[PDB]
There are 2 protein chains.
Amino acid sequence: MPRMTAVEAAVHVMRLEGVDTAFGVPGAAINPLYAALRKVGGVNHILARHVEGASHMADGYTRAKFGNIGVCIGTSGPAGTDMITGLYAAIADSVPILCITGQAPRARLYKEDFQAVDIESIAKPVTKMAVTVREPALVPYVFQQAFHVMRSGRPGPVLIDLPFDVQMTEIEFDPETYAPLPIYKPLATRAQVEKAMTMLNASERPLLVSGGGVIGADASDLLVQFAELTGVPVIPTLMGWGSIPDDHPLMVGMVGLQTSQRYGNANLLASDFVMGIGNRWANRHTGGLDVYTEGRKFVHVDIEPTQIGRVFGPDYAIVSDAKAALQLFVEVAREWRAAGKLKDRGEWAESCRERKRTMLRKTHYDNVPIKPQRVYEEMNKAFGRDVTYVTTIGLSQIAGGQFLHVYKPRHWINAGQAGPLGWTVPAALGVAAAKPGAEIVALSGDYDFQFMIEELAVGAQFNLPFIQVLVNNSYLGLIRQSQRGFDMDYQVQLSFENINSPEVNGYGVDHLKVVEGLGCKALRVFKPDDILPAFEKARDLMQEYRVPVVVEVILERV
Amino acid sequence: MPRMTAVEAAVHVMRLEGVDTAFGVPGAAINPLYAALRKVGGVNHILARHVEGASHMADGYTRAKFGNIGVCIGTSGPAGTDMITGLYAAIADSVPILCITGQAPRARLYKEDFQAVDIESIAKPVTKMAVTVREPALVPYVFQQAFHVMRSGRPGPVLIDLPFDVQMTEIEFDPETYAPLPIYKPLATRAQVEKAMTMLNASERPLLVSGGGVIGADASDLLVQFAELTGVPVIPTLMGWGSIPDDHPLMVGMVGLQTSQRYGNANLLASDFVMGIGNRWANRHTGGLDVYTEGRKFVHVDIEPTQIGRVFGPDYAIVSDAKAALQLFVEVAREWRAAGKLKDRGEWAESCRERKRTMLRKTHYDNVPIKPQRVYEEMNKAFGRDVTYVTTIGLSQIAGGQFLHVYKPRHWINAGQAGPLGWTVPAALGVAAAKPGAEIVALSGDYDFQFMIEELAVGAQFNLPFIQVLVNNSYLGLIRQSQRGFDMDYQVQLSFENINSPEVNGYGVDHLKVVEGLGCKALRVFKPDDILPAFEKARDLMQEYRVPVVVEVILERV
């Protein structure tokens, strides 16, 4: 029957819930939680160089491994508003992170105090729960509920706001009998799976769409089991990328976009049947255009067919966690296999492989200045199958062409729905914190890279190596300095004459100098044949010093 | 699979969730739902004479039987804002009701227009979920989610807002494979029950407090088993009243006030240990007072101790549904009994019975004008153990007083925490709709009776008999000197000279004429010895005409 501060009890709860890592910016209002972290022990703290960096580190830490929940800590007032963008990026992708903010003492709550904010109302639209805890005895139970809410239903983030006086009040709490709350998920029934199987087996050219919910539910193995058991080819979404390996025979391409003109990935338009699991349907240009068809039936299996239904009504829908569903689809599909009821898909699957091997654009460009396509081709050569990519690039290409490849679930780590500029660097650091020794490769243009550039120092302080591929299209951009159209274009672009450069230039920021001052290593590449050797030198430097290594590739565009 | 309208699919989901009754006020924007009720059938509609009455009817219908969920239906605009008080009264007592409103078409939805309101924002504070459905294909799934949310966790109300064009739209839906979502509840562990059992057995003068969550979880039988097995006396709260029968040897009083200042329940002040199950401890105004003392240990078992634990923190808490917890407590108490380790409480139980026996007011009033205490004494003689009482009266006594008795769970139907004036009449009508043939007795003063007086016509139209005990303290009239300080007091009281009366009077409203116009039966009582015969004639009139019968008792005050 120990007595302890509410914040010490909060730390016991987090540890009992499996937290051993947190990212944060300390401050006075949240100091009792840090003292409790020191007293209880067992949580490694990684200090961020911006509160938004801590929230994106938490996001990347969650995404790196099923069951992880990144924790993000900040002080009263502006720290909490600094978290809103990271909570939004996470909730938009159904990613849980736990944010904790300090707060002004309770009597000072309803006045506009020195660094006191109504973080509850601001963060409510971007969290599953956001609460200021006004009763000290309730703090452990708010944290316990937080973990239930983050894991249950559609996963998503939570914010807990802690008044300074609440944190230090002594309370009773008993870690030895604490237990986590049960997790809630909707579950598919056998009758629902049997009906979907009847529509699947009735079809001539079935396809499986594998979205982020398959990965979110840790169901990629069952998704591939089901695809192989039925012989049905799979088309991942961007958030589903890597739920089946790109070189798997049943992996027959990616949904390059949704309803954008005549862009077609060939395998979709051939199909008479599409079963989506855990997938969104990206927006239609405000109305039915392409994938929707009277001749193509659609089945949708999702944790919330309570929100995603933008095909204007699937032919059949199942409300289910993707793993619980897929466990049943595999069990039923075996029963149809043993009975000889499954149709043979060998011919249609081989046709899907043919269109995939033909939809190939050449990208071995020798051009100087370097073309972006050459960079991705060299990245595929340089890094192994186990590389984990981190980026917010939603525009890999307009429609069709060489890009990257993904072979394992959660090796494509991308804030697809929100994806702010600056997400990538702190997110890649969170991935490195979750997977020590793993090979992590971020990809950004210079604007994205600059937003949160200072977070590179976090990887130098805590030895969190990863490789940053930095594609810079502002480096060549000519400062024409004739006032016709240049003076107006100058105001909406990144190039300027850097006066610290040896020679006349329009480079803008010297990223190599910035990265070096932040404690990291950097290389610059001007010719396409130097890209791959620079990537290899980056891996060696990374292994040697265990700090981030930036490879800046000089691009043609601006 | 045939297509159906979204609102037709909503009726199929409601029937499949067990709805066969709805209360409502028809209108243009909600009319397609009414057409869907007709075509699908199986749902009996009771028309209310005010939208607020429909919501209190649904409330009473929910409270009458475990598993019921009253449905309240209204049209666009002001009909939605009329539901807020009934939504509030239900959520405050953890009662689910489902409110359904029609809404303006999506084409002019976000813009304000005729009979259109942002009911989503207004109702969010008084619901677990409030949602305008903008996609017709999602309508069945929003209702499926609403039943999950209403039953899960801490139970509570949900509002669903349906634009007119959304209700009309054809969608695909399959009733044959529909299944309800799993219900989420927190669950006590054995180790937590063993530690609580340890604190209980360590004490010498234990008490159980049985609150509304015992009844809401359908756990009164388990609560009685546990008290009988351990020998521990029980003190129900007002919301817990009837979870143990009032004549049970272990029922040793109710909580007389959250803080009866010093006075209090004598058994509570004597106790050294209190275990609350499903109860709320209040703070009458954050009062530092006698409920808690350093020697009295408190254990709290509740579905929601993520917001409750007001005795400045219980010595130990368990987050659990009351039924799941009590099932475990009984099994652990059996093991402790079999091991010979359970303390004998019979001497402690007996002196709690002596104190209960002695702290009664043995007052039988002959007074004319009638005393309210005499009315309660006669209700106790008129009605048997199976009577169901419905009221918001709350303050039966300032500490302990002559009042009613309850013997069965859900035979005390009371909106305690937030009972508005006018709740009682529509709530009793909903109780009557839930339990045809049952004897239902409401109790109200004249102010409360007047708010929703027109709802009595609902009981005449659909033959929903119940007896209304109406205690009228405005009938006698005037105070003080004539036309002096009475002129100010006149403005804040209910008496006036009714000019339609044969004689000089200050009667105010003639409730008998009003009740007669509304199609119901009424009787008036002036002398105490006529109260019981009036109740018995009311029972006969109710059985003969099967419409509400009002017994108006003329009291002393004004």
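What you see below is based on every heavy atom in this structure, not just the backbone, and it leaves out hydrogens, waters and symmetry mates. Naming: A, B, ... by sequence-line order, numbering from 1 per chain.
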cation_pi(B:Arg134, B:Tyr110) dist<6.0 Å, angle<=45: yes
Flag side-chain contact, heavy atom, 4.5 Å: B:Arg280 against B:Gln417: yes
Contact check, side chains of B:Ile91 and B:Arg154, non-hydrogen atoms, under 4.5 Å: yes
Test item: side-chain donor near acceptor, A:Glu52 and A:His56, under 3.5 Å: yes
Residues, nucleotides or ligands: over 12 heavy atoms within 6.0 Å of B:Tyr34 OH: yes
Distance-only polar pair, side chains of B:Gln461 and B:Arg49, donor-acceptor under 3.5 Å: yes
Any side-chain heavy-atom pair of B:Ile69 and B:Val19 under 4.5 Å: no
Side-chain touch A:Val158/A:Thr127, heavy atoms, less than 4.5 angstrom: no
Over 12 non-hydrogen atoms of neighbours within 6.0 angstrom of NZ in A:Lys297: no
Within 6.0 Å of CD in B:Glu172, more than 12 heavy atoms from elsewhere: yes
Side-chain heavy-atom pair A:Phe143, A:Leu98 within 4.5 angstrom cut-off: yes
Side-chain heavy atoms of A:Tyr316 within contact of B:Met1, under 4.5 Å: no
Parallel, tilted or perpendicular: rings of A:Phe298 and A:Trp281 (30°, 60°): perpendicular
Minimal non-hydrogen separation, B:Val11 against B:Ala36, with atom names: CG2-CB, 3.8 Å
A:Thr101 versus A:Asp161, side-chain donor and acceptor atoms under 3.5 Å: yes
Check: B:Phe173 and B:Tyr141 side chains under 4.5 Å, non-hydrogen atoms: yes
Flag for A:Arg310-A:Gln258: side-chain donor and acceptor within less than 3.5 Å: no
